[PDB]
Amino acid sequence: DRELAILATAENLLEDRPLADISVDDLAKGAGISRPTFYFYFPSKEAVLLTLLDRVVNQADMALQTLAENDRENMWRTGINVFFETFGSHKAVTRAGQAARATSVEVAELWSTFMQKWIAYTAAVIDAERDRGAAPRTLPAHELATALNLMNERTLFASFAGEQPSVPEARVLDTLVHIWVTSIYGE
């Protein structure tokens, strides 16, 4: 498709510079189409990013659903690793998509929809752990799930962007898993 060519070009260019510094002409050129032909597939470069982010969050979400059809530390590590690997494989899209949350209501709403879904799935697993006697009844599961998921969002994305400060990318999985296991199973 010309559609897939535009998406691949946008992902490539986002590795070099932000969306602000990519023109519809750059996207058309890389995709081997004219400018007006671009506007047939997407109303704006912003819509291209929204589509790229939607594919990445759906890939993470489908990978977590795959896990869910089947030791406590290794379970949480495997689950966190879906997001580490999936977002970690699409750092430029992840970075540009997180920035676009501030300027695009559609990007804000996509990110918010999936965060609510992943928080609800986390809380359901914590509740099942509590029901089976593996985890103590401490905080409300949904509030614990919210903070742990927000920690992961901020910590993954700071590490991938090499922000100062950040956990080094080679330490971020062990770091998050420790905090998830001690806070879910502790006291």
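Numbers follow the displayed sequence, beginning with 1.
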Unmodelled deposited residues flanked by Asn70 on one side and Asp71 on the other: 4 to 9
Comparing 54 to 62 with 29 to 37, which stretch shows the greater average C-alpha B-factor in the deposited entry? 29 to 37
With respect to the recorded C-alpha B factors, which stretch has the higher mean value, 170 to 178 or 19 to 27? 19 to 27
Which of these, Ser104, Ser112, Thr86, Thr78, has its C-alpha atom at the highest B-factor, as the entry lists it? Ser104
Among all modelled residues of this chain, ranked by Cα B factor, put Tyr121 in the bottom, middle or top third, i.e. lowest, middle or highest. middle
Tell me, lowest, middle or highest third: where does the Cα B factor of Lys45 rank within its chain? highest
Where the record places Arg130 (Cα B-factor, split into thirds across the chain): middle
